[PDB]
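Next up: the same protein chain in two forms, each one alone, written as structure tokens (structure 1, then structure 2).
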Structure 1
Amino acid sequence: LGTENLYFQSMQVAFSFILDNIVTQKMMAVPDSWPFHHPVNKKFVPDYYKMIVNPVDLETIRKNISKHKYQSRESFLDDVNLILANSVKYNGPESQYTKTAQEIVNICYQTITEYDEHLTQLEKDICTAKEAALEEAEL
């Protein structure tokens, strides 16, 4: 009956959905983030792709997510971290581009963090319950 696939596919779907929501609801809502919503346009930044080796932006990350490219937390956080890392490399730490990439990276970390609080707590509750029941038939 392919339970095992269905369970994994199902986990994929919920994950992508979560990632898609952090991107559009979080990272794209940072004020002054417009420039991070799309790939850096050569016509307005002709040096960009001479200095930047692995470029990324929030729209390309949405596309990846829509195609289930990110199968772990770390794979996703690798592309997110490039947002800040490419801004420091191209602009340095003093720039508004760097201040804004920082806000964007920040809220993705805060959001994934608070999520995991919630999971690891639900999980501990599940284990209490499981202990409790086993403790009751013994009595």
Structure 2
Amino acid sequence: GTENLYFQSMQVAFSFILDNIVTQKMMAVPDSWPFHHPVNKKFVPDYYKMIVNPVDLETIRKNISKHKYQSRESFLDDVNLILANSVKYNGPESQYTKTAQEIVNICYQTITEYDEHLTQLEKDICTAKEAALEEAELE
């Protein structure tokens, strides 16, 4: 119905913004390529025993296309796991960890530039979510 589609359209807009930050900022970090794809479990089985919640940039983009993130908090938590998982697996002083730190810093700098509109859109999503839920439960 009307409220659901509009809800979806707002999620599409939010996703569009988040995906821009991933592709244009985070993926563009020099030497970021170890963080672009998920760790091959058959290559490094120890990784998946040590790291309970693996995350990489491809997986975050997939999550964005599945509309996992309705707010910057859940997005930023997955982005932070890139750093946290590296600190744990590779070490706090690893060059890989320094790259992940860079990926996190550029994400935050970019979210900050988009703050007022991401707040606006998050509010529009929360509102449309409520309106869609009312329409759905009132059929």
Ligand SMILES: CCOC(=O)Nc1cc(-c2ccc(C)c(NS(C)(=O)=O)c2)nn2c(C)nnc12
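Whichever C-alpha set is largest while still superposing within 1.5 Å between the two forms counts as the rigid core. All residue numbers here refer to structure 1's sequence, counted from 1.
Structure 2 derives from the form deposited without Bromosporine (BMF), whereas structure 1 comes from the other one. Relative to the superposed rigid core, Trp34 undergoes a CA displacement smaller than 2 Å between structures 1 and 2.
After superposing the rigid core, the C-alpha of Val45 moves by 2 Å or more between structures 1 and 2. After superposing the rigid core, the C-alpha of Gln121 moves by 2 Å or more between structures 1 and 2. Core-superposed comparison between structures 1 and 2: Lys130 shows a Cα shift of 27.2 Å. Shown is the Cα shift of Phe76 between structures 1 and 2 after rigid core superposition, which amounts to 0.6 Å.
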